[PDB]
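For reference, the structure is listed below as structure tokens.
By letter and in written order, the chains are A, B, C, D, E, F and G; residue numbering begins at 1 in each of them.
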Amino acid sequence: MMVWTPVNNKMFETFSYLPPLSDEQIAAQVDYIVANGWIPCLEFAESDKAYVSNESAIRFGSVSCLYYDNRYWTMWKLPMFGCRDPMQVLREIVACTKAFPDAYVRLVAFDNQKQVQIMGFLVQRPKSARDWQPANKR
Amino acid sequence: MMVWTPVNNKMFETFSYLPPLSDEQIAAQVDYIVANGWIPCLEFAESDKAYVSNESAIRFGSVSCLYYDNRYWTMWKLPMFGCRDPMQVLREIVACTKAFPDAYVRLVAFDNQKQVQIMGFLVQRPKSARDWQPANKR
Amino acid sequence: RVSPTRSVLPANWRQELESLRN
Amino acid sequence: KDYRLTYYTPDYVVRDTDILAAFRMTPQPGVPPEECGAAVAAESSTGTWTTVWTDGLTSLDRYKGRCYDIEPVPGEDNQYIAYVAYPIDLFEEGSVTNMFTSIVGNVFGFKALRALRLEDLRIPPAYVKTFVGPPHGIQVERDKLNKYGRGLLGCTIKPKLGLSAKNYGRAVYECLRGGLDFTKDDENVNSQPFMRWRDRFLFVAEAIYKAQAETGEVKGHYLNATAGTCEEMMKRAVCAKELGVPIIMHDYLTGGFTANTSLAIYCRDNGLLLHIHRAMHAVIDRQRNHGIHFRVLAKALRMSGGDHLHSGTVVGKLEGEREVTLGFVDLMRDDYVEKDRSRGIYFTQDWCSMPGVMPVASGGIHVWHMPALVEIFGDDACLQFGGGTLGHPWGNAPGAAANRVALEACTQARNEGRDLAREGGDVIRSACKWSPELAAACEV
Amino acid sequence: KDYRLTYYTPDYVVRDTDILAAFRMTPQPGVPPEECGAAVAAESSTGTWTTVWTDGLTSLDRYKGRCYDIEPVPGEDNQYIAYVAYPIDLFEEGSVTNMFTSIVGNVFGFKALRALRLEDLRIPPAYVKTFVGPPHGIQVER
Amino acid sequence: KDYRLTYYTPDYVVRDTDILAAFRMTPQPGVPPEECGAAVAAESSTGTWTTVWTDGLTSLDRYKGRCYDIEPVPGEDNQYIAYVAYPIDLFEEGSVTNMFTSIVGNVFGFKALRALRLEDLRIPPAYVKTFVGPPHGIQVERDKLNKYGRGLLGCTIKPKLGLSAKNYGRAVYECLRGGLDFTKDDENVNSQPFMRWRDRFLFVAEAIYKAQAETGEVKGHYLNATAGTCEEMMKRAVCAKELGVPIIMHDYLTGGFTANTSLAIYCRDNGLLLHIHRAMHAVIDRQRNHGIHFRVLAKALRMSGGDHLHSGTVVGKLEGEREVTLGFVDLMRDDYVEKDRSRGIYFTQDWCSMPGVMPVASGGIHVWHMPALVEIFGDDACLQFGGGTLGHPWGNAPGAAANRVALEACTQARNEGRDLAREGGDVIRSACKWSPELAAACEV
Amino acid sequence: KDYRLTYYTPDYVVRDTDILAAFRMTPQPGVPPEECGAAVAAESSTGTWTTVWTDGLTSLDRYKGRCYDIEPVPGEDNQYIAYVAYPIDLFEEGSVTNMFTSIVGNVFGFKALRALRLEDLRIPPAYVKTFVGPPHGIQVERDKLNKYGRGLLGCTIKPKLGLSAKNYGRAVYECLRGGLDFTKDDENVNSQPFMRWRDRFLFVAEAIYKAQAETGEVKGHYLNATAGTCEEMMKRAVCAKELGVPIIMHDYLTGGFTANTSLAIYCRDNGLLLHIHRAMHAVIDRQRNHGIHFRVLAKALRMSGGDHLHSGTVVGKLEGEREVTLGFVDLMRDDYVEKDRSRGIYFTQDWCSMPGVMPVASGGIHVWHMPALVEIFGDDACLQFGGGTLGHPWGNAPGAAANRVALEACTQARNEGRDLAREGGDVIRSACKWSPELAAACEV
């Protein structure tokens, strides 16, 4: 009988309870994005901006309901309009992590039919982040 | 004439003004729990989550009255339903502290007749915590 | 409240807890 | 009153602004179908008589529903579908209460009928646009919760140690910390001697914020706002607002449409999400020959306003009962639904950009139903686990973690092109190899 | 959840503050009346299963309705009246909404039942006095 | 009016919804007991006359209290217990004010009586459920304060240096920091020229939060909200709410039941705890032959609403006066209390899940009474120390620390099965060896 | 705490702004009078002990009441009058609640005393002027009612036919039409299942206006505003305002001083008259050795605010008990009252133009007490008839008319210089010759 740890065990929404997706696992998700006609995009954040926080609410009256800071991350370049091949996303993932080694990186997808973000899952954790657990999180 | 120190002298409610309870002292409290038909349970927290704080109140309008964060700690396994022997609690105390050496650990008890928590006292302070005084607190 | 009748700890309980801690 | 030539008008052309109704109708033996369809169209002011006694009214000349079509039900011998058109001028703009009063207010007692069931309604774009509708709807909800590309996961809190507010909150914390998006007030938990509402709200708010600090993800608990009075109800909604918590809950059929619409408007005005529980629906919606089918009650809810709706389970149901469930799930969620009789959809429904409602499905006892749920509902659903999280041998948090792992592995496998109908057991067993929590849930 | 010995307690003495319910009950064929009365008493959190799954709650130890009597309906072959007692602590004072949620909220969908009708309720004086009630009533009106 | 056959009905069966009263009754010499019991039942509209002058009323045919039993008092020669039943229709739902007006409004002046004392009341479940009652009650209070398995510790602030608000707050800080859960406004400190209420509230809020930051435990001070007017009273309750502080205080017998119930409802609506002080109780409750016994006034308070109630001291009292005190402490705290004459409990009282009230006991001058207090009250009590903390030679904070050590060591010893009646001195002396603060208090 | 030389200061000069108290004091045997007077002055924080345990405060150096005089009581052996001065700085301006908390809050429990009665208070002009006081007072009331040179006449309504609101109003109409100025809600009639308050208010308003249209005189009924909560109380006061009716009623001792003062201010702000009923006064004021004499409670009421006050009956009382009653009637009504021990007035009271309160006297069963009432009270009083009007054989209206004739003939005879003590029977018999209603009442 094991105890799910409360310490340094931050999650980053969809797929964060799985092992980190390998390059083949990322490529297969990108195939799902492309087949649906969806638009992949990458986003990144530093560890202090990676997870939800309430600090802007100091300025507010009683309207904090469903407000949270750090839902928005920072866009890496532009949404890859007309992306058909998954190797471009994999190259862009490498480029973002190379430019930002201390950053979490997430892959999002937009559906221009329903005009809304439709996916978002993490593709890279920074090694220097102590906030999260390497799947020996018990 | 001595001065009760305000520095690094945090308390953790019931029994925190006594010396730390030895194993025999914990075993005798568990005997009190068992004789009453009460259900022992262990809870733990890291030092930054151990004592009462107000940080969630940033989100609030005027309803902070008797709200405080960190009253809830994290449960270690499950309430020990049918606990009759005190050596199980003492073994579970050792297991929790072994898994969480930087954690305070408290022993609570529930009374299923009155359907309410009925005890809670501390069984382990972490060495690395500087927040508390080793009973030369003057 | 019932009178707490004492439980004798098992022989060498001290030896049992010490091993676990290590 | 039931003249059959006035009210049964089988060459009437349906207007775009008309409200249409499909009644499954069981006439008394010897009463012809055209007389019954006309009687339902007319809502005669004599329910005992079944004859035109006082005939000729300005409530019955241009403000009359007309039975424009009667069809036999295949395989049945004494059942018909009667189609009734109602002019939009009959209805108070924006009032679900008044539409049910106009359509189902009186005809279910008519003596010429043995049984009467209301199957479907066509709500025209001109009536749809008079409603505020759901405070947020599925899309806005996903944006506000920052949660994309999977179902949401809930569980009902049934504490092992007490029903006190503090123990209630401890259990909320343990479930949410493990991986669930939401936990759920039970529908009867309003404010009792064992647990008064404002104490419950405060301890749940501490739990939500504790699990949110711990997980780094947005967390909620459906805080039941259902009350005896509108003022008590709004007192609870205001408390949630001031705690800054994300979501509240209402039992719309027992509170009522008048209160539910008031609450949905408060939630739109103050950015709260509104979870809707459907207690007493089976009093009305269960019997095949009488009452009001749930798809109508779901359509009513979407108009009155709710961001989530309890939509049943599909565990233990046959493919035909599953076709029906998916029909009303599409009426809940989609913008445009086409006529499809085999899914029980009798009318083309154009929601005219009214936001969809997230169905809430009962997941089963265990985590092995996860592949079926993901395949049937797709991503836009909350899966509620009634004891998946808590029948787990290691407790609430690993149980939550086991449900979240199973959902995410099934989601991953679905996106990779695997057939969850065939390979879902293989997906779960493969996730058991690296997840000890999921491996312990599958030992059960 | 529907154990039949937990929830069907035919020697229970009805308290004065209890809310009583009489359900006309039509069990699925082969399902015994005591199992159905107990299931209606329990409001099991599984309405599809009709079997105990997760058993042992503090919502199901002292806040449980008990089926204290099952009678046959004369002239009918598969219908019973099940009498259920509910403790007054279950109910929000002055809230008709909450009493229907507690009593009729879920059991009408239970799969062990083919049909279920709620015939009558005994509202105890202790619950009755929590309600404002009619603004005037017949006398004042006259 | 006192006909003795109308009002003294010794074969009446007591209904479940009746309110029962037990009057200790001292008739004028030569006036028979049945005539006096009937007169108290009747509340005749002539208090001077003692005769039926105007007889036959619809306020006196079905809305009449009936004397159903008269018993002699053992050892007394001219005293009787008269039992009166009142129909529940006599009473305004939820109004303690109106129940005292109906029962004690007039009969204590009746000339046929020399003396009259109201000993006990049976409040039926049907009347009990009309009251909001205590804002939180003992359980909720322990959950909100996070404090389990011992008594709570308070002290009254009497500053050595001034009664200014700032010095008042300094003393609050020093006591709370040392280990006390609460400190206490004196019952007369409302808002004076030497210390205006809002200044007191602000400096106490700084003190509470300073000691809370320092100790890491939840801290309070009972901020006296007692005012000349309801609006001034609510101005103070609102200020406490906005400071976010945990607890306020009211003097319910001098403010009044109407104001106390208003305040208790405000506290339920805004999550404040309500401490109740019982100033002037001895005007009413002290003399054995006349007035209203405190257990009735405590029962009234539990209905009107209070989370704590000053319940006296048991220091200096004989075992028989201690039996009485424990009787009303059970009526304050418990759900169901059985009839027990030797504890002065004349009626079985069913509180029907109305939350209990925490008794507040005066602890003695010193810390050696701690074993007796823990044994008599058990854990569910606040022990107030009037000069334990401040007669301590090292000052307020070590005095607080000495009280907290003594309470905790007595609690530890009690849980370990030791007899505090015998071994309590040995428990204190053993804690003196390692606690220098407790050792300095016992030097005194 | 009771040092005897700190607190008993027999050479203290009484300041003009001091509040003075006279306590009738019964020391425990062997306890000297100077120790007891000092203990009452001190209000020691130990009431069980009777010794100075913790001595030296800033609540006990300049904010201390001082016992400046102890006198023996003539004819008694163990009773003393202790005079205590309190500095005006002790008291919250305008708060009767706080003055009773400061003076009677604790000392009645002190163990060194066997019994303690508070006889009188000197309220200084500097404290008197902080109070709003009575909404109108006697003069303004007479101007608003247009009624001069006689007592006012009331009666309590006890209907023969039902306690319903409609029958209640019928009886009000019948009494008022016959000649009474006022009728009276019974003190327990607040809002019951047999008669809800707002129905009572409406039917009484129809009755008042009907009798006013009929008589051409201003009419009232004391509408009981006493409630469980301040908000319910103000809901009733607001209803009376909106009906435009002249007078409401409060039970100030059971509602409380906090609610009574709130109500008195509402009545001043909206021109309502406030009748005050004194239910439970005999719990406190009856026993000669313990409690609080009514004159203190009347003085409190005059400060808190009331336009009329129930002041007892003088029927059946000896001359000495009548001296006492007339003492407090002067404290109620007059601007300046001189020290007069034989009337029980221990202090010179200067009301400093605070309006007087109209005493309400119980008149007897019959109309033959009318000469005595007019002689004792004079014109400034309401005489309440409990069954004069209704024990009359011809019913309520001739009974009212018989009371009004008797009052007016006694008033006429008094102004003509006749001695009502001697000739009052001759005045009534002479009015019986021309008044058939009075002649039928005197047949009884």
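Descriptive notes on the structure:
Note that a residue touches a chain if its C-beta (ideal position, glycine included) is under 8 Å from a C-beta of that chain, and two chains touch if they have at least 3 such contacts.
Of all chains present, the one whose mean CA position sits nearest the global mean of protein CA atoms is F.
In terms of C-beta pairs in contact, the better-connected of the chain pairs A-D and B-C is A-D. For this pair, chain C with chain G, the centres built from the Cα atoms lie 72 Å apart. Between chain A and chain B the centroid-to-centroid distance comes to 37 Å (mean Cα coordinates, whole Å). Computed centre separation for the pair chain A/chain G is 78 angstrom, with centres defined by C-alpha atoms.
Per-chain CA centroids place chain D at a distance of 50 Å from chain F.
Shared interface positions of chain E, i.e. residues touching 2 or more other chains, are given as 58, 89. Those residues of chain A in touch with two or more other chains are numbered 1, 3, 6, 57, 62, 64, 138. For chain C, residues that reach two or more other chains under the stated contact definition are 1, 3-6. Within the complex formed with chain F, the chain B residues making contact are 1-4, 6, 9-19, 25, 28-29, 31-32, 50-52, 57, 62-68, 71, 108-109, 114, 116-121, 131, 135, 138. On the side of chain B, the complex with chain A involves touching residues 46, 49, 56, 58-61, 74, 76-78, 96, 99-100. Chain contact summary for the complex, chain C toward chain F: residues 1, 3-6. Across the complex, chain D is touched by residues 39, 56, 59-63, 66-72, 74-75, 77-79, 81, 110, 112, 114-117 of chain B.
By the touch criterion given at the top, residues 1-7, 9-10, 13-14, 16-17, 20-21 of chain C touch chain B in their complex.
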